[PDB]
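Only one chain is included here, represented as structure tokens and corresponding to the form deposited in one PDB entry.
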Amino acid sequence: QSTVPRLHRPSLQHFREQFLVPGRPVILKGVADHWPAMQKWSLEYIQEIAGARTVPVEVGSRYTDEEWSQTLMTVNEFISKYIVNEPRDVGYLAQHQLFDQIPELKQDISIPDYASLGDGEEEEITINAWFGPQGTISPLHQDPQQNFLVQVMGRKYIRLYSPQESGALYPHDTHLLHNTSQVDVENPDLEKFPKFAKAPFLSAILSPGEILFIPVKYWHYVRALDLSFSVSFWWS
């Protein structure tokens, strides 16, 4: 159990050799801290630019829950019901291609140059928004591409487990959830999942202007500590 390392604007070669090729997480500083988003994206700005648009919203504590569901509403409705007014349930505008929907917002972000070290096309990079209140939780899971998760507003608590530790994370048996752990990271049932207790991990609090590199297939768990807006870039 240790902290994810933080590096200020490392060279492309240093990132490639020490992090990308070996598949090791790192937080990059001084890279996204000057996105216009970092100063422009307030709730008021998001309402002005996106408020009338329809977005998918996940409702419930964790997508692994039984009562969890997905609905559609405007961004203004999402803010009113799940952020500003004392909300009744946790809602999360998660994993949504908001920048394709609202191209004006693309002007406020940039793809990190480190993504050019991959073997894929820039036109195939997928950019997703993650916008929600304090307390959203994305259960421990792994993704099939590299990721840069950029924090714009608020902070997130992140726990990372290597693919080498997959046995101790008890992936779901069904094919559709095989990329998700059965374990609740922050309150694990150690009578049912004893191997989880000894599995090593990295953790961090990701703050505005920071980029977390999540290597392909690295298991990650994310809880928002404040009202939060993150932007993920999936690339190969």
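Numbering starts at 1 and runs along the sequence shown. We call the rigid core whatever largest set of C-alpha positions still superposes within 1.5 Å between the two forms.
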Tell me which of 125-133 and 101-109 has the higher mean C-alpha B-factor in the deposited entry.
101-109
Would you determine, from the values in the PDB entry, which of 178-186 and 37-45 has the greater average C-alpha temperature factor?
37-45
Among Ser207, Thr64, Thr54, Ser203, which carries the highest Cα B-factor?
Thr64
Ordered by C-alpha B-factor within the chain, which third holds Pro139? Give me lowest, middle or highest, please.
lowest
Report the third (lowest, middle or highest) to which the CA temperature factor of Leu225 belongs, ranking only the modelled residues of the same chain.
lowest
In terms of the chain's CA B-factor thirds, is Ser80 lowest, middle or highest?
middle
What third of the chain does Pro10 rank in for C-alpha temperature factor, lowest, middle or highest?
highest
For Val31, return the chain-relative third of its C-alpha B-factor as stated in the PDB record: lowest, middle or highest.
highest
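What follows is about the form deposited in another entry, which we do not show.
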Please name the one residue from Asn179, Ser203, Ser69, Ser207 with a C-alpha displacement of 2 Å or more between this form and the one not shown, using the rigid core for the superposition.
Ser69
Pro87 C-alpha relocation of at least 2 Å between this form and the one not shown, rigid core basis
yes
Superposing on the rigid core, I want to see if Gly60 changes position between this form and the one not shown - specifically a Cα shift of 2 Å or more.
yes
In the other form, do the Cα atoms of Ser61 and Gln145 sit closer or farther apart than here, given a shift of 3 Å or more?
farther
In the other form, shift in Cα separation for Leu177 relative to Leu149, 3 Å or more:
closer
